[PDB]
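Top line first, the protein sequences correspond to chains B and G. Residue numbers 21 to 29, 71 to 75, 207 to 416, in the entry's author numbering, belong to the letters of the first sequence in order. Its first residue numbered 387, the second sequence is counted upward by one per residue in the entry's author numbering. Ideal placement from N, C-alpha and C gives every residue a C-beta, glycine not left out.
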Amino acid sequence: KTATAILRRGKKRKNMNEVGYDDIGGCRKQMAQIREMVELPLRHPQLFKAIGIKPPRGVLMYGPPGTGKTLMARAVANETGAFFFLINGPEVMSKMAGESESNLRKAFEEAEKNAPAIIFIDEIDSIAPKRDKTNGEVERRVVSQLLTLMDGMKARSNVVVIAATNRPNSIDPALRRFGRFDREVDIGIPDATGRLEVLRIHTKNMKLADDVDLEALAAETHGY
Amino acid sequence: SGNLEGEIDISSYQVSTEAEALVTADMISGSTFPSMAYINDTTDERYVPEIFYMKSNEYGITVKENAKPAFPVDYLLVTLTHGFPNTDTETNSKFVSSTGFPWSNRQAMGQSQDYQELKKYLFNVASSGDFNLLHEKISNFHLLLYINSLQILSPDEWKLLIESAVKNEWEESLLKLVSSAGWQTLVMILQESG
Ligand SMILES: Nc1ncnc2c1ncn2[C@@H]1O[C@H](COP(=O)(O)OP(=O)(O)OP(=O)(O)O)[C@@H](O)[C@H]1O
C-alpha cells in the first residue's frame, strides 16, 4: 500500500551504465525503500524543507552474495541521474600505504563539490571490518578516515552514501550509529514470482525453443 | 652562474622522469620563492591528486610530508658532470672554428652576417690557394649555415661542401668544390661585391 508509494508512476533519462529498473526483478519492497531513501532527498529536496526535517542519508544494504546489491545501487544511480562516485572495497585496499586514505578523502571531496551526488561504497566490509579483524595500523587509519568523512558530511546534504556488505556484523559497529549508516535494508532470496521475473529478464536475448516452461523452472528453482 | 670562489664555472643538470610526466598534465608552476614550485587546482579538465614528497630524516627514516602549497624542486633534478677533452691532441672535433665569422642572430651587437664579412674573411684564402688554409677557414659551423642560407650553391654542391668541411679526407672533395661552377660563381660575385 503506502510502503511502495514511490514505485507507482523515454527510458533511463534517454556498458554497465545501461542498467535500469527494468533490469531488476523480485525485490519490489527493497527497491521501494532504496528509491524512497535516495531519490527524494536529491530529486525533490524541497519536501523535507517544507516539513522541516533532515532526511537520513546513510543506507546499508546487506544480503547473500549474488542477490543484486551492486545491480540495485547502479540502477538507482543511473535512474536518478546524479553525480555517481563508485568506491570499491578491494580497489581501495589494493593501494599502497597512505594512498588508500587519500583516495577516500578525494572521493568524498569531489562528491561534495559537484551537484547532488551518490557515493556507493561497494563491499564496505573490506575497508572497515570488525575491530577484531582490523589487524595492523593502516587498517585502523582507513577506518578512522571513513568515520571522519562520514561524520563531516551530515551538514552538506544533497549527497547520499550507499554501502553494501554480506552480513550486518561484518562491518565495524561504529559505522552504524546516528549520522552514519543508520537505515538498513535486507535483501532475501526471491520467491517463485521473483525467480520467474529474473528468468524472464535474463532469457530475453536467447534463442529459446518453443518448448520452454519458464514457470516450471521458477517452481523448481528454490533457494536460487 | 659561478662557483663558490667567484668564477664562471658551468654546471649541467637534467630533470627526472616524473617531473617530465608532471609538467605534461600542467600541475606545476613557478613560485615567488626561487627554490619551490607551486601546485595547481582540480579544475574541470585537469585532476590533481594529493602530492607527497618523500625525504629521509637524520635518523635514517623516510618521512612523507604533504606539499600542496609548494615543495622544493631538489626532488626533480639529477646532476651531471661536465668537462673538457684532455690536452692530448685527439682532434676528433668536427670544426676548427668558433673564432671568426660572426655567430647566429646576434644583430644586437655588431655581429651581423653579410657579404662584406665574407669578402673580408673567406676571400683572401680563396684568392691565394693553400688548400689547408682554405679548409680551416671553411670548417665553421655558422659559416656553413650562412652560405646555405645564401642558396647560391645547389644542393649537391652544398653536400660536397659540408663533406669537404667535416670529413677527415677532404683534399679531393675540396678540389672538386673549388673547381665547381657554383663555387666559381660564388667567389666571383663575392670578389665583385664590395
Ligand atoms: N533481480 C536480480 N537480482 C539479482 N541479480 C540479478 C537480478 N536480475 C539480474 N541479476 C543478475 O545477477 C547478477 C547479480 O550480480 P551482482 O553484482 O548484482 O551481485 P552482488 O553479490 O549483490 O554484488 P557485489 O558483490 O558486486 O556487490 C548479475 O548478473 C545481475 O545481472
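- Query: Going by other Cβ atoms of all chains shown within 10 Å of its Cβ, with 16 needed for buried, is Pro282(B) buried or exposed?
  - Reply: Under a 10 Å Cβ-count criterion, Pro282(B) is classified as exposed, with fewer than 16 other Cβ atoms of the shown protein chains found around its own Cβ.
- Kindly say whether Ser294(B), judged by its beta-carbon, lies nearer than 8 Å to any beta-carbon of chain G. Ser294(B) counts as touching chain G.
- Query: Does DSSP put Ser387(G) in a helix, in a strand, or in coil?
  - Reply: Of the three classes helix, strand and coil, the one that applies to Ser387(G) here is coil, per DSSP.
- Task: Leaving out five residues on either side along the sequence, give the residues of the same chain with a beta carbon under 7 Å from the beta carbon of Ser292(B).
- Result: So the qualifying residues of the chain are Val284, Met285, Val334.
- Closer than 8 Å by C-beta to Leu263(B): which residues in its own chain qualify, once you throw out the five before and the five after it? Chain order, please. Cβ within range, chain order: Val211, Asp215, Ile216.
- Message: Could you give the first and the last residue of the continuous beta strand (DSSP E) run that contains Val353(B)?
- Response: Element bounds for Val353(B): 351-357.
- Message: Report the start-end ranges of each beta strand (DSSP E) in the stretch 455-524 of chain G that is 3 residues or longer and not cut off at the edges.
- Response: Counting only runs of 3 or more, we get 456-458, 463-465.
- Message: Taking 7 Å as the cut-off, is the C-beta of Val390(B) nearer than that to any heavy atom in ligand 1?
- Response: Correct: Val390(B) has its Cβ closer than 7 Å to ligand 1.
- Under a three-way DSSP split, which group does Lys545(G) fall into? DSSP places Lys545(G) in helix when its eight states are reduced to three.
- Could you spell out where the beta strand (DSSP E) holding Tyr254(B) opens and where it closes? According to the DSSP assignment, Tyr254(B) belongs to the beta strand (DSSP E) that extends over 251-254.
- For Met398(B), does the count of other Cβ atoms within 10 angstroms reach 16, so buried, or fall short, so exposed? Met398(B) counts as exposed, since fewer than 16 other beta carbons sit within 10 angstroms of its beta carbon.
- Query: Going by DSSP, which residues form a beta bridge with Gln400(G)?
  - Reply: Bridge partners of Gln400(G) according to DSSP: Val464(G).
- Item | Separation of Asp378(B) from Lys298(B), as counted between CA atoms | Linking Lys298(B) to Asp378(B) through their CA atoms gives a straight-line distance of about 30 Å.
- Message: Taking 8 Å as the threshold (beta carbon to beta carbon), is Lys75(B) in contact with chain G?
- Response: Judged by the 8 Å Cβ criterion, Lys75(B) is not in contact with chain G.
- Using alpha carbons as the reference points, say which of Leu400(B), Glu301(B), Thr413(B) lies closest to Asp427(G). Checked all of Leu400(B), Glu301(B), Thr413(B); the closest Cα to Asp427(G) is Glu301(B).
- Task: For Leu263(B), verify whether its CB is less than 7 Å away from any heavy atom of ligand 3.
- Result: In terms of ligand content, the structure shown lacks ligand 3 and carries ligand 1 instead.
- Please work out which residues of its chain come closer than 7 Å, Cβ to Cβ, to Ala366(B), disregarding the five sequence neighbours upstream and downstream, and give them in chain order. So the list reads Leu339, once near-sequence residues are dropped.
- Query: For the stretch 277-308 of chain B, which residues have a CB atom closer than 9 Å to at least one CB atom of chain G, in sequence order?
  - Reply: Hits within the stretch, in order: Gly290, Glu291, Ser294, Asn295, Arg297, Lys298, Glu301, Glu302, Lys305.
- Message: Tell me the DSSP secondary structure of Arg74(B) in three-state form.
- Response: Looking at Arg74(B) - three-state DSSP - the assignment turns out to be coil, as it is neither helix nor strand.
- Query: CB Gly218(B) to CB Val390(B), shorter than 8 Å?
  - Reply: A Cβ-Cβ contact shorter than 8 Å links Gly218(B) with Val390(B).
- Can you have a look at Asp324(B) and say buried or exposed, based on whether 16 or more other CB atoms are within 10 angstroms of its CB? Counting every other CB atom within 10 Å of its CB across the protein chains shown gives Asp324(B) a total below 16, marking it as exposed.
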